[PDB]
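[1] so I've got this experimental structure, pasted below with the sequence.
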Protein chains: 4
Amino acid sequence: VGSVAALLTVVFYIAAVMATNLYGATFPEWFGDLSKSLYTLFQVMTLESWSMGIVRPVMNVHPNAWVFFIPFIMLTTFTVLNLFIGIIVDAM
Amino acid sequence: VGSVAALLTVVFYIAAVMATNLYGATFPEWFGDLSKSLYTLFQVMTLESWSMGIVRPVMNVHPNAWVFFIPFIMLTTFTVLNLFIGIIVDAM
Amino acid sequence: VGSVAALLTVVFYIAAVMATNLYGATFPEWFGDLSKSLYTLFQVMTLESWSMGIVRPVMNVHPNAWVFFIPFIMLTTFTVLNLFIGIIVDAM
Amino acid sequence: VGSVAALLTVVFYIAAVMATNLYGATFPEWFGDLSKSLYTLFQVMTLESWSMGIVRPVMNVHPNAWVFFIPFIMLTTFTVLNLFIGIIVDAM
Ligand code: NA
Ligand code: NA
Ligand code: NA
Ligand code: NA
Ligand code: NA
């Protein structure tokens, strides 16, 4: 559980650094600084307006944006699901 | 199961009192009274428009709003997942 | 599994009859006929725009609409979760 | 696990070919080519704006669109849930 929660924190920090760098200048409200980025990636992780609200507008400037966001979702939504199950199993 | 469902009710009532107090005057449709608050926090819990629809507009007035909402989500979405699993395990 | 899937079909049909009757005349695009109702309740079940898109607009006419929709969500989202888990357990 | 992930890839490719053909000319931003289709169906699978954002606008042109999209959701959202559970079980 401890290693999974740490893996997620490292993945969240690398992705938020990458997103700040990639989409900060073109999309500043969403990825203008590491903090705006970390908040956005969390929203993307919960699946809230990920495509209509974030990814589709980003793609009109960066057509390949899906290469970053889709894997991010596939990885984080899996890790979170694994972490939540891991806590319950250990609690029993 | 009984203790988990009671923990959630107490957490939902404390958060809806806190939200009424914090964002009631600035965002009255969403947190103007305990009832509007309880309904909103449920919507936030289901993840429906949590960021684009509620949290981002709230943040333009209260920049730290994420300190309240993100933990609320992390706690309630975990407890609900734990409660739903708990019912099935006991049913077997 | 068979009894759970049948319970859900009966619950979906009763709710879609109730919604047609309650919100059909005031909200015809969403609940104007049993079929429009069944499609909407499915959208509500998946959690897609349930509050911002459906429930909040319905509440401006019917303030208690939450007494119908919130329990519907709590019941159907639990039954579906139970049904999906039930299929996997039986498959092993 | 390997057979489930392969089943999903085949289902995603058949559906994205079908959607290109069915709704490409009438809805080109969403289904104009196999790639736009694959990206959209993924968004539909995550449940993000599936009805308000995609299915309801598509239905104003193609009233039966629900015969394609609802089963697609029921199948893919089940397979993904089964695949994610399958990985954890094998990991133990
Ligand atoms: Na959801
Ligand atoms: Na939404
Ligand atoms: Na959603
Ligand atoms: Na979701
Ligand atoms: Na949405």
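    Cool, the structure landed. Numbers count the residues shown, from 1 in each chain, chains lettered A, B, ... in the order given. Ligands and ions are numbered 1, 2, ... in the order given.

[2] for the rest of this, base every contact and every neighbour count on C-alpha atoms.
    Fine.

[3] report the contact partners of residue A:77.
    Residue A:77 sits next to A:45-46 when contact means C-alpha atoms under 8 Å, 6 or more residues apart in numbering or on different chains.

[4] check which helix or strand covers it.
    Secondary structure from DSSP states H and E places residue A:77 in helix A:66-91.

[5] could you do residue A:20 as well?
    Residue A:20 belongs to helix A:2-23 when assigned by DSSP H and E.

[6] what element comes up after that helix heading to the C-terminus?
    That would be, after helix A:2-23 and using DSSP H and E, helix A:28-31.

[7] what's in contact with the helix or strand that that next one is followed by?
    Per DSSP H and E, the first helix or strand lying C-terminal to helix A:28-31 is helix A:34-45. Here helix A:34-45 makes contact (C-alpha under 8 Å, 6+ apart) with A:12-13, A:15-17, A:19-20, A:29-31, A:49-50, A:72-73, A:76-77, B:51.

[8] are any of these buried, and if so which?
    A:12-13, A:15-17, A:19-20, A:30-31, A:49-50, A:72-73, A:76-77, B:51 (16 or more other C-alpha atoms under 10 Å in any protein chain shown).

[9] quick one: contacts for the closest residue to chain D within chain A?
    Closest to chain D within chain A is residue A:49: 6.1 Å, counting by C-alpha to the nearest C-alpha. When contacts are counted by C-alpha under 8 Å, 6+ apart, residue A:49 touches A:43, B:49, B:52, D:48-49.

[10] on that earlier part again, okay, buried residues for the helix holding residue A:77 please.
    Using 16+ other C-alpha under 10 Å as the test for burial, helix A:66-91 gives A:66, A:69-70, A:72-73, A:76-80, A:82-85.

[11] and for residue A:10, the neighbour number?
    Using other C-alpha atoms under 10 Å in any protein chain shown, residue A:10 has 11 neighbouring residues.

[12] nearest to ligand 5, of the contacts of residue A:49?
    Checking the contacts of residue A:49 against ligand 5 with C-alpha to the ion, the nearest one is residue D:49 at 3.8 Å.

[13] so what's the backbone phi/psi at that closest one?
    Dihedral pair for residue D:49: phi 40, psi 30, per degrees, to the nearest 10.

[14] for it, give its distance to residue A:29.
    When C-alpha to C-alpha, to the nearest Å is the yardstick, residue D:49 and residue A:29 sit 21 Å from each other.

[15] ok, residue A:40 next?
    Distance from residue A:40 to residue A:29, counting by C-alpha to C-alpha: 9 Å.

[16] cool, and residue A:7?
    27 Å.

[17] before we move on, what about residue A:17?
    Residue A:17 sits 15 Å away from residue A:29, going by C-alpha to C-alpha.

[18] with residue A:59 instead?
    Using C-alpha to C-alpha, residue A:59 is found at 16 Å from residue A:29.
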